[PDB]
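Report on the following structure.
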Amino acid sequence: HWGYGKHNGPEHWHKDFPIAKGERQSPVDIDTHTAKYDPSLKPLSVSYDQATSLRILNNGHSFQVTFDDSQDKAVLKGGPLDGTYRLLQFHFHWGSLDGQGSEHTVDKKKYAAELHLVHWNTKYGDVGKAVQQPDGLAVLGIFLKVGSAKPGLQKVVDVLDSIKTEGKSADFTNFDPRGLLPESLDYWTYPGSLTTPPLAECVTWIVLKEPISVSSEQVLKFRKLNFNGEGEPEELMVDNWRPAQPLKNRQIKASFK
Ligand SMILES: [N]S(=O)(=O)[C][C][C]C123[B@@]45[B@@]67[C@@]89[B@]1%10B81%11B698B746B814B562B%10%1143
Ligand SMILES: [Zn+2]
């Protein structure tokens, strides 16, 4: 079973998932001087006013908040996308210390954490079909730096003690993901992959330029989670990030000058 440790981490994943060495893997370093401004890119449309959160879950690799994706209630459109993408879940990647934790990097800078909002293309009907398509998913990535608290994150932080170990879940209704977004929707975009197994090459990545700030207390609570199940030796859930992968033949485009 894959993980983030010495014997089962990112350098091992290609054995079970050979696409790990593919042509469009994620994350990548975003070299800001090389990314090209594309004036043909549209503003991103984020429509989360009718979002219906369901549950919060420790899945042994991260924690996730899951949404009702059975109707067009929380959707991503525009930007680099053709068509409509339904929000399924969000989750985070973070470090053992504030100088690492993000998956994407910016001019080799690592942020303390990275938020991923995962959406799937309604033209494929369900997420399982969407991951088999090159335009199946759109993941909105948001960097976290440590400073001032993010008020809209606190409701998440306060329930993490109830999902400490792998397999635990709780009710998590009425959570508004608009409270996790920065002011600007300026972004970089490129064609890539899931950053966890199965590493499928099905993602249009949209990475926001502006980070959100979270407090040291908020990120400390992330770091109290466990990779292990209850009853097994305690292993802190920290450093659950894949490093930057080769860009190969891809262009990163910027929505802004
Ligand atoms: N880190 S990341 O690339 O956002 C990880 C994706 C986590 C998931 B969970 B299940 C598999 B991969 B696809 B489905 B659903 B859909 B979502 B995406
Ligand atoms: Zn992720």
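Letters for chains follow the order of the structure tokens (A, B, ...), residue numbers begin at 1 for each chain, and ligand numbers begin at 1 in the order shown.
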
Neighbouring residues of segment 226-241 of chain A were defined as those with any atom within 7 Å, considering only C-alpha atoms; residues of the same chain fewer than 4 positions away were excluded. Please report them as a PyMOL selection string.
chain A and resi 4+60-61+93-96+101-103+164-167

Print the selection's residues with N, CA and C atoms to a file, as a compact mmCIF listing (two decimals), in the first residue's frame.
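Result file follows (again_7.txt):
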```txt
# COMPACT_ATOMS: atom_id res chain seq x y z
N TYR A 4 3.75 7.91 1.85
CA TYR A 4 4.74 8.99 1.71
C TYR A 4 6.08 8.71 2.39
N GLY A 60 -6.34 8.27 5.25
CA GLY A 60 -4.99 7.67 5.44
C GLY A 60 -3.87 8.40 4.68
N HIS A 61 -4.22 9.35 3.77
CA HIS A 61 -3.24 10.15 3.01
C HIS A 61 -3.40 11.67 3.16
N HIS A 93 -2.45 19.24 1.30
CA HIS A 93 -1.12 18.64 1.44
C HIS A 93 -0.30 19.59 2.32
N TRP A 94 0.49 19.07 3.25
CA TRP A 94 1.22 19.94 4.18
C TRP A 94 2.51 19.28 4.67
N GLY A 95 3.32 20.07 5.34
CA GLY A 95 4.66 19.64 5.79
C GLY A 95 4.77 19.41 7.28
N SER A 96 5.95 18.94 7.68
CA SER A 96 6.34 18.82 9.08
C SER A 96 6.81 20.15 9.66
N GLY A 101 5.66 21.53 2.14
CA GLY A 101 4.26 21.06 2.25
C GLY A 101 3.51 21.22 0.93
N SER A 102 3.77 22.26 0.16
CA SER A 102 3.10 22.38 -1.11
C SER A 102 3.64 21.36 -2.12
N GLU A 103 2.81 21.09 -3.11
CA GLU A 103 3.15 20.18 -4.23
C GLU A 103 3.70 20.98 -5.40
N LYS A 164 -8.99 11.53 13.79
CA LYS A 164 -7.52 11.51 13.96
C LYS A 164 -6.83 10.45 13.09
N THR A 165 -7.47 9.29 12.97
CA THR A 165 -6.83 8.13 12.34
C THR A 165 -7.58 7.69 11.07
N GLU A 166 -6.87 6.91 10.26
CA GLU A 166 -7.37 6.47 8.99
C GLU A 166 -8.70 5.75 9.15
N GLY A 167 -9.66 6.12 8.28
CA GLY A 167 -11.01 5.52 8.27
C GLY A 167 -12.09 6.29 9.01
```

Might you pull out every residue within 12 Å of residue 253 of chain A, with only C-alpha atoms counted and same-chain residues fewer than 6 positions away left off, and present them as JSON, numbers by chain?
{"A": [30, 31, 32, 33, 34, 35, 36, 37, 38, 39, 40, 41, 42, 79, 80, 186, 187, 188, 189, 190, 191, 204, 205, 206, 207, 208, 209]}

Select the residues contacting ligand 2 at a distance of at most 7 Å, based on only C-alpha atoms and all ligand atoms, then format the selection as an mmCIF file with N, CA, C and O atoms, in the first residue's frame.
```cif
data_model
loop_
_atom_site.group_PDB
_atom_site.id
_atom_site.type_symbol
_atom_site.label_atom_id
_atom_site.label_comp_id
_atom_site.auth_asym_id
_atom_site.auth_seq_id
_atom_site.Cartn_x
_atom_site.Cartn_y
_atom_site.Cartn_z
ATOM 1 N N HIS A 91 -9.222 18.869 -0.267
ATOM 2 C CA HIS A 91 -8.287 18.297 0.700
ATOM 3 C C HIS A 91 -7.018 19.149 0.669
ATOM 4 O O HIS A 91 -6.897 20.064 -0.133
ATOM 5 N N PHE A 92 -6.063 18.780 1.521
ATOM 6 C CA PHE A 92 -4.833 19.555 1.647
ATOM 7 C C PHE A 92 -3.602 18.615 1.598
ATOM 8 O O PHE A 92 -3.683 17.436 1.907
ATOM 9 N N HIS A 93 -2.454 19.239 1.296
ATOM 10 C CA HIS A 93 -1.117 18.636 1.444
ATOM 11 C C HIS A 93 -0.297 19.594 2.318
ATOM 12 O O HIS A 93 -0.417 20.800 2.124
ATOM 13 N N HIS A 116 -6.394 21.671 -2.510
ATOM 14 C CA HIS A 116 -6.905 21.207 -3.819
ATOM 15 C C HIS A 116 -8.434 21.038 -3.777
ATOM 16 O O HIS A 116 -8.947 20.285 -2.942
ATOM 17 N N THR A 195 -2.010 13.895 -8.357
ATOM 18 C CA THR A 195 -0.736 13.843 -7.634
ATOM 19 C C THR A 195 -0.637 12.667 -6.658
ATOM 20 O O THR A 195 0.412 12.506 -6.007
#
```

Return as a PDB file with C-alpha atoms, in the first residue's frame every polymer residue, whether protein, DNA or RNA, with at least one atom no more than 8 Å from an atom of ligand 1; count only C-alpha atoms and all ligand atoms.
```pdb
ATOM      1  CA  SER A  26       1.926  16.689 -11.566  1.00  0.00           C
ATOM      2  CA  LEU A  88     -16.591  16.637  -5.530  1.00  0.00           C
ATOM      3  CA  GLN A  89     -14.200  17.295  -2.605  1.00  0.00           C
ATOM      4  CA  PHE A  90     -11.367  19.377  -1.219  1.00  0.00           C
ATOM      5  CA  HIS A  91      -8.287  18.297   0.700  1.00  0.00           C
ATOM      6  CA  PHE A  92      -4.833  19.555   1.647  1.00  0.00           C
ATOM      7  CA  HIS A  93      -1.117  18.636   1.444  1.00  0.00           C
ATOM      8  CA  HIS A 116      -6.905  21.207  -3.819  1.00  0.00           C
ATOM      9  CA  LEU A 117     -10.546  21.617  -4.873  1.00  0.00           C
ATOM     10  CA  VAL A 118     -11.330  18.665  -7.171  1.00  0.00           C
ATOM     11  CA  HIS A 119     -13.973  19.006  -9.883  1.00  0.00           C
ATOM     12  CA  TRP A 120     -15.119  16.650 -12.697  1.00  0.00           C
ATOM     13  CA  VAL A 127     -15.950  10.913 -11.693  1.00  0.00           C
ATOM     14  CA  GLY A 128     -14.855   7.341 -12.433  1.00  0.00           C
ATOM     15  CA  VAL A 131     -10.561  10.165 -14.675  1.00  0.00           C
ATOM     16  CA  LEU A 137     -10.955  16.811 -14.070  1.00  0.00           C
ATOM     17  CA  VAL A 139      -8.256  20.867  -9.831  1.00  0.00           C
ATOM     18  CA  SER A 193      -2.262  14.503 -13.558  1.00  0.00           C
ATOM     19  CA  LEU A 194      -3.555  13.428 -10.191  1.00  0.00           C
ATOM     20  CA  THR A 195      -0.736  13.843  -7.634  1.00  0.00           C
ATOM     21  CA  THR A 196      -1.701  10.610  -5.801  1.00  0.00           C
ATOM     22  CA  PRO A 197      -2.160   7.086  -7.167  1.00  0.00           C
ATOM     23  CA  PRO A 198      -3.593   6.264  -9.629  1.00  0.00           C
ATOM     24  CA  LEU A 199      -1.684   9.310 -11.059  1.00  0.00           C
ATOM     25  CA  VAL A 203      -6.369  16.982 -14.980  1.00  0.00           C
TER      26      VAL A 203
END
```

Have a look at A:212, A:28, A:185, A:254 and name the one nearest to residue 111 of chain A; count only C-alpha atoms.
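Smallest separation from residue 111 of chain A among the options: A:212.
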
Could you give me, as an NGL selection string, the residues within 9 Å of residue 151 of chain A, counting only C-alpha atoms and dropping anything in the same chain fewer than 4 positions from it?
:A and (155 or 179-180 or 214)

Residue subset to file, keeping N, CA and C atoms, as a short mmCIF file (atom, residue, chain, number, x, y, z; two decimals), in the first residue's frame:
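Below is the file again_33.cif, written as the result:
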```cif
data_model
loop_
_atom_site.label_atom_id
_atom_site.label_comp_id
_atom_site.auth_asym_id
_atom_site.auth_seq_id
_atom_site.Cartn_x
_atom_site.Cartn_y
_atom_site.Cartn_z
N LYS A 155 -13.73 26.19 11.07
CA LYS A 155 -14.71 25.13 11.25
C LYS A 155 -14.09 23.75 10.89
N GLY A 179 -15.17 30.61 1.75
CA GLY A 179 -14.32 31.17 2.79
C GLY A 179 -12.87 30.73 2.75
N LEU A 180 -12.49 29.86 1.80
CA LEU A 180 -11.11 29.42 1.63
C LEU A 180 -10.39 30.12 0.47
N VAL A 214 -2.81 31.32 6.74
CA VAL A 214 -3.38 30.57 7.86
C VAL A 214 -2.50 30.76 9.08
#
```

Residue 173 of chain A: which residues within 12 Å, counting only C-alpha atoms, same-chain residues fewer than 5 positions away excluded, as a ChimeraX atom specification?
/A:51-56,65-68,155-156,159

With distances taken over only C-alpha atoms, which of A:17, A:48, A:256, A:2 is nearest to residue 77 of chain A?
A:48

Would you work out the distance separating atom CA of residue 213 of chain A from atom CA of residue 145 of chain A, expressed in Å to one decimal?
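We find that atom CA of residue 213 of chain A and atom CA of residue 145 of chain A lie 5.0 Å from each other.
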
Output as a compact mmCIF listing (two decimals) with C-alpha atoms, in the first residue's frame all residues of segment 186-239 of chain A that backbone DSSP marks as helix (DSSP H, G or I).
```
# COMPACT_ATOMS: atom_id res chain seq x y z
CA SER A 216 0.49 28.58 13.08
CA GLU A 217 -2.29 27.17 15.35
CA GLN A 218 -4.38 26.13 12.33
CA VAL A 219 -1.51 24.29 10.60
CA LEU A 220 -0.43 22.67 13.90
CA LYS A 221 -3.83 20.98 14.02
CA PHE A 222 -3.25 19.45 10.54
```

Find the spatial neighbours of residue 25 of chain A, counting only C-alpha atoms, within a cut-off of 7 Å - ignore same-chain residues fewer than 3 positions away - and output them as a list in words.
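Near residue 25 of chain A, the qualifying residues are residues 20, 22, 192, 193, 201 and 245 of chain A.
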